[PDB]
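**Student:** Residue numbers (my numbering), protein chains in the order written: chain C, 1 to 208; chain U, 209 to 470; chain V, 471 to 726; chain A, 727 to 1001.
Following this message is one structure expressed as structure tokens.
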Amino acid sequence: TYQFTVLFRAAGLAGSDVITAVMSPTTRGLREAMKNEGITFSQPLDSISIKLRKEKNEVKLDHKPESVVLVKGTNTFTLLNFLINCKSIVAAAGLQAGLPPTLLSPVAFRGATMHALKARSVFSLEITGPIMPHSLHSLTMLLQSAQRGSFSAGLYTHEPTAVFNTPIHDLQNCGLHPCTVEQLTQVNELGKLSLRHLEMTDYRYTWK
Amino acid sequence: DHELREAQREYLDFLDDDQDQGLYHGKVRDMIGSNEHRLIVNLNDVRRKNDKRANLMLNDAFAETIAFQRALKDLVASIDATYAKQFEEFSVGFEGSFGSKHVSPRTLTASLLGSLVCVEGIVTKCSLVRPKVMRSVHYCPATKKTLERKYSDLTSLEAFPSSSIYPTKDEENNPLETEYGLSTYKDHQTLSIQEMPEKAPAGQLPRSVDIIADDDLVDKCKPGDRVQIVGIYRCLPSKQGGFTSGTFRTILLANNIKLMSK
Amino acid sequence: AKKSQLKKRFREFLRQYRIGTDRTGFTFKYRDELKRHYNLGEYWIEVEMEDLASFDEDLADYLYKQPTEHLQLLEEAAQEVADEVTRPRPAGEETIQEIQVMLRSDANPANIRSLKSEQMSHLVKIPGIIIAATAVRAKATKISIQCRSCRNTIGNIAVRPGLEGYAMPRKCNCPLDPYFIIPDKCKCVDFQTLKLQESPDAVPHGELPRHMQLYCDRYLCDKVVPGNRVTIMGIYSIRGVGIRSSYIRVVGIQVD
Amino acid sequence: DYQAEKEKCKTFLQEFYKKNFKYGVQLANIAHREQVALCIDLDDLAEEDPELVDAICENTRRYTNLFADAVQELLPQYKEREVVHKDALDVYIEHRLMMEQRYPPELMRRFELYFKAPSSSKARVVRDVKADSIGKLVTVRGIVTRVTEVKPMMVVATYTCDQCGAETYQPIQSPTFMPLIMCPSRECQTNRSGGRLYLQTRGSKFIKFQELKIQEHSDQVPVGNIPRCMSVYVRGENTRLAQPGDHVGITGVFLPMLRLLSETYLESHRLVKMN
Ligand SMILES: [Zn+2]
Ligand SMILES: [Zn+2]
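Structure below.
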């Protein structure tokens, strides 16, 4: 969306056992709206004036990557319906006024449009566009054989999606390489941090 | 107007702070509960969420004020239709930090005309609170018809000199009777602010500025008070016979009166 | 018309005047000053009168005797030159501001008691001492009118400078005199009135000093406070049977 | 529908429980020229129908006339013992009728109708009478500081023209008026020359008038603020009922003065000398 980003994962990915969903920049009003709809989420990271003071501790990390919200189980279905019927997904004033949120996926779906990443070699090779983890893993797998296990990579990251690495704990037909499935079915080690430099020497990985 | 429509949309989006931290959604509910028709909008929030509107309001107060008032009316009608039906038009007052518009009666030049300013001074005189006419409802006994009419003057926004006040005859010269209980009236008061005596250059007389208060802004301060008025700065054209001297006087419409000493 | 020729001559004076000798170097004096003042935010210049005489004696002689129209043409020429010198202005400042021209000269000053009635509508230079001042009011320059009945609009009307008004039209082009001034569609400038008193030595024996009303506009406001000795350069003009009040439109002040 | 309102007022007037017909007896007295001031109390209306009470409280200008007309209609059916008076107006009317054989309701009217504030209504200070109570019914209290002498005020004018015999009428519903100059009678219009009619003071209608200023109690006034005043117009039997220096509580109508910004005055309806 133009304010927040969500990531739905299947059952088994990232060490989980049920379908999950992660919303990084959540606000107090949006969370309260979620509570009044049956969603059971869990953030892992004047008397009315006194109530505002209590909310001040709650409203400190809003609009910041520390307000990540994790939804699990069958609540993802109600989350989907709520997001479809929400009134703040589409901006009503500004440059992105009326534009619906963008959907990204590694496999085809109803209404999808096949796209391609731009590759250009200068030795160096440059690839631009929305890079998803399976694309990066496949690229590394190819370059390992092509470059005889010797290359270095510089990764530029989209900051508002770095908190998705927060730990949360039969995929043969998902349409992914078995090595990629094995890699993605691990436990998230990084926290609020993303890879910035990857180096491979003599078929050994030393990430920075 | 397309620009006015865009301003109205953006202001209505700003006011409906529901799925965000519920500040100005709670404020509107509080205003409705307390039976008021003026909302004090801090423009620090507007600048934080939409800087272009904040600057445009600081430099062109008239159209932006009209758009903001209409957006507030729409939001109130959304919250409660009957309350919106009670009041013809809602008012908006501003506060916060203005920047280079924080002036005094001495530094209030003629280049600030039409700009939302915030004047600091000490009151010197206040007039009496006399009523003013906005809408009059007439009735014709012969035809059993109820007539209505709207008035305006030059000392209000959307200024227009309106004549033929209190009509007495219909189209066919039928007698007309005015129903005073059905007409709408509002208060009116005139004040004067003076530059602080401690910050006035020696020898020269202190400067002054005349302000206009209306509705709930009347009887908010007395002579001898340190105040801080916020409102639009405008000229009053003067016409004598068929001639205009060209030396118009300046007035300061007010939308928020705040004391300092308290 | 001759007005266009006069304006072109004033523009040429502004663009081509130079000071210095070829032994050291030449520097354009008024174009550089115009650029510097416009960039600084001060929209005014101080044009001497001997320089204009040296460039074109006829042009100087038409300013000492018919100051109104020639000063207006000089101000328009200054605005055009200032617009062309800083042509690529930053975003938001495309519109060109109006320039005010102030005059100065080294002539011997006159006296208040020497102002005859022949020297009406002529540039004069009178010393004195300021004894009074008024609050800075507002004076309109551009006005727009609108009919009360048919709401026809006649905008961009110009009002002459000084204590002079504008007779409003009678026919609507809707009763007689249906036009009212739109409040927000008016451009105004600063406005002040002073009182100049004859110097303490020029006063004859056994007689009280005489006075004279002054008029100040735009950047000339709030420059002199009561009790200052000044030398005033201005236009003698008029504001019993046939008696008319006379004031002095000030176009230059030299505080002593 | 104002006709329905008038019928409801008549229905209330004829039948009043107490079933002592206070209104009926008083109207009979008025028809007998035994009473002039009739004070309708709003609590009885609240006993019957509070909607009419609210409606009359919102606009006490039309319903006063409605009550007056209802009383005027009910008057003829109570004149039992004819009349025992010697009114100059009645003598003038009688002689004019005798010449006629050979009329506005206000002209043929001598009863003044006033309302009483319901017990629910509460007294208000002078400062508390804002612009939102214009045309409503209010109850102010304060100290009278000045009273003027009673003077006659023209209500309806009665002109006569020499050319014709039809007397002209000119109601006066404004503080100022211009006297008629040319006679508009159809007899003069037929002559193509309007007669120079003159007003006959004998046949005109005059009412007692009094003006007084009411101030604010010093204790109620805030220490910093100065006391404020108010002008009250008193007409009819309510005249000569107050003197300067008396604490009073006045129930009346808040109205503007016309002659967009206007002054205000109070049309008194019931004056009580509280303490
Ligand atoms: Zn017209
Ligand atoms: Zn006649």
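Each residue gets a CB set at the ideal place from its N, CA and C atoms; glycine is no exception.
(1) Do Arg357/U and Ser344/U have their C-beta atoms closer together than 7 Å?
(2) Taking the CB atoms as reference points, tell me whether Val555/V and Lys477/V lie closer together than 7 Å.
(3) Comparing the CB of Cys642/V with every heavy atom of ligand 1, is any distance shorter than 6 Å?
(4) Closer than 5 Å from C-beta to any heavy atom of ligand 2: which residues, in chain order?
(5) Ordered along the chain, which non-local residues of its own chain (more than five positions away) have a Cβ less than 8 Å from that of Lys394/U?
(6) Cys620/V: beta carbon under 6 Å from a heavy atom of ligand 1?
(7) Can you give me the Cβ contacts of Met404/U inside the same chain, cut-off strictly under 7 Å, excluding the 5 residues immediately before and after it?
(8) Using a threshold of 6 Å, is the CB atom of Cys691/V nearer than that to any non-hydrogen atom of ligand 1?
(9) Which same chain residues, not among the five before or five after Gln752/A, have their C-beta less than 7 Å away from its C-beta?
(10) Quick one: is the Cβ of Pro101/C within less than 6 Å of any heavy atom of ligand 1?
(11) Quick one: complete alpha helix (DSSP H) runs, 4+ long, within the stretch 894-931 of chain A?
(12) Less than 8 Å between the CB atoms is what I'm expecting for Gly439/U and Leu467/U, so what's the real figure, rounded?
(13) When you compare the stretch 221-241 of chain U with the stretch 181-189 of chain C, are there three or more beta-carbon pairs, one atom per stretch, that lie closer than 8 Å?
(14) Leaving aside the five residues before and after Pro537/V along the sequence, list all residues of the same chain whose C-beta is less than 6 Å from its C-beta, in chain order.
(15) Taking all protein chains shown into account, do 16 or more other C-beta atoms lie within 10 angstroms of the C-beta of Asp224/U, making it buried, or fewer, making it exposed?
(16) Please determine whether the Cβ atom of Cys86/C lies at a distance below 6 Å from any heavy atom of ligand 3.
(17) Is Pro639/V near ligand 1, in the sense that its beta carbon is under 6 Å from a heavy atom of that ligand?
(18) Between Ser364/U and chain V, is there a C-beta pair that is closer than 7 Å?
(19) Alpha carbon to alpha carbon, how far is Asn252/U from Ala269/U?
(20) Taking the alpha helix (DSSP H) that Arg255/U belongs to, which residues open and close that run?
(21) Answer yes or no: does any C-beta atom of chain V fall closer than 7 Å to that of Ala318/U?
(22) Taking the runs of the beta strand (DSSP E) that are 3 residues or longer, which of them lie wholly in the stretch 569-653 of chain V?
(23) Could you check if residue 743/V belongs to the surroundings of ligand 1, using beta carbon to heavy atom distance under 6 Å?
(24) Just mark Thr884/A as buried or exposed, buried being the case when its beta carbon has 16 or more other beta carbons within 10 Å.
(25) In whole angstroms, give me the CA-to-CA distance for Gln896/A and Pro910/A.
(26) How would you label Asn581/V, buried or exposed, when you count the other beta carbons within 10 angstroms and need 16 or more for buried?
(27) Is the stretch 446-465 of chain U close to the stretch 473-490 of chain V, with three or more CB pairs under 8 Å?
(28) Drop a sphere of 10 angstroms on the beta-carbon of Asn578/V, count the other beta-carbons inside from all chains shown, and report buried for 16 or more, exposed for fewer.
(29) Comparing the C-beta of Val341/U with each C-beta of chain A, is any distance below 7 Å?
(30) Give the residues of chain U in contact with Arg53/C, contact being defined as C-beta atoms less than 9 Å apart.
(31) Nearest by alpha-carbon distance to residue 1018/A: which of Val882/A, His758/A, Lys745/A is it?
(32) Is there a C-beta anywhere in chain A that falls below 7 Å from the one on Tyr388/U?
(33) Identify the contact partners of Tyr232/U in chain A, using a Cβ-Cβ distance below 9 Å as the criterion.
(34) Helix, strand or coil, according to DSSP, for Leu70/C in the structure here?
(35) For ligand 1, any of its heavy atoms closer than 6 Å to the Cβ of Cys429/U?
(36) For a test of the three-state rule: what should DSSP assign to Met519/V, helix, strand or coil?
**Tutor:** Taking the definition as stated:
(1) Yes; because the gap between Cβ atoms is below 7 Å, this pair is in contact.
(2) Not closer than 7 Å, so no.
(3) Yes.
(4) Residues lining ligand 2 by the Cβ criterion, that is a Cβ closer than 5 Å to any of its heavy atoms, are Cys887/A, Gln889/A, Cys890/A, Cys909/A, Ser911/A, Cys914/A, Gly921/A in chain order.
(5) For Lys394/U, where only same-chain residues beyond five positions count, the Cβ hits under 8 Å are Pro339, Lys340, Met342, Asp422, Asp423.
(6) A heavy atom of ligand 1 is found nearer than 6 Å to the CB of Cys620/V.
(7) Here the set comprises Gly329, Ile330.
(8) No, the beta carbon of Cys691/V sits no closer than 6 Å to any heavy atom of ligand 1.
(9) The beta carbon of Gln752/A sits closer than 7 Å to the beta carbons of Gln761, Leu764 from its chain, once the five residues preceding and following it are set aside; these are given in chain order.
(10) No, since every heavy atom of ligand 1 falls outside the 6 Å radius drawn around the Cβ of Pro101/C.
(11) DSSP assignment within the stretch 894-931 of chain A yields the following whole alpha helix (DSSP H) runs of 4 residues or more, N-terminal first: 912-916.
(12) Cβ-Cβ separation between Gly439/U and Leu467/U: approximately 16 Å, too far for a contact (criterion under 8 Å).
(13) At 8 Å Cβ cutoff, the stretches do not touch.
(14) These residues qualify, in order along the chain: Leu593, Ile705.
(15) Residue burial is scored here from C-beta neighbours: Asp224/U has at least 16 other C-beta atoms within 10 angstroms and is therefore classed as buried.
(16) Summarising the ligand content, the structure contains ligand 1 and ligand 2 and does not contain ligand 3.
(17) In this structure, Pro639/V has its beta carbon at no less than 6 Å from each heavy atom of ligand 1.
(18) For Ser364/U, the answer is no, since every Cβ of chain V falls outside 7 Å of its Cβ.
(19) CA-to-CA, the gap between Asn252/U and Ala269/U works out to about 16 Å.
(20) Run containing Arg255/U: 251-257, per the alpha helix (DSSP H) assignment.
(21) Yes, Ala318/U lies at the interface with chain V (some Cβ there is under 7 Å from its Cβ).
(22) Residue ranges of uninterrupted beta strand (DSSP E) with 3 or more members, entirely inside the stretch 569-653 of chain V and ordered along the chain, are 570-574, 593-603, 607-617, 623-628.
(23) The first residue shown for chain V is 471 and the last is 726, placing residue 743/V beyond what the model contains.
(24) Per the 10 Å Cβ criterion, buried.
(25) Rounded to whole angstroms, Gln896/A to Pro910/A spans 11 Å at the Cα level.
(26) It counts as exposed.
(27) Fewer than three beta-carbon pairs drawn from the stretch 446-465 of chain U and the stretch 473-490 of chain V are found closer than 8 Å, and the two stretches are therefore not classed as touching.
(28) Under a 10 Å Cβ-count criterion, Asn578/V is classified as exposed, with fewer than 16 other Cβ atoms of the shown protein chains found around its own Cβ.
(29) Using a Cβ-Cβ cut-off of 7 Å, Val341/U counts as an interface residue toward chain A, since at least one Cβ of chain A sits closer than that to its own.
(30) Per Cβ cutoff of 9 Å: no residues; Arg53/C is ~14 Å from chain U at best.
(31) What is shown of chain A runs 727 to 1001, which leaves residue 1018/A out entirely.
(32) Yes, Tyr388/U lies at the interface with chain A (some Cβ there is under 7 Å from its Cβ).
(33) Within 9 Å Cβ-Cβ: nothing; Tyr232/U doesn't reach chain A, min ~27 Å.
(34) In the structure shown, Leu70/C sits in a strand (DSSP, three-state: E or B).
(35) No, since every heavy atom of ligand 1 falls outside the 6 Å radius drawn around the Cβ of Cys429/U.
(36) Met519/V falls in the helix class under three-state DSSP.
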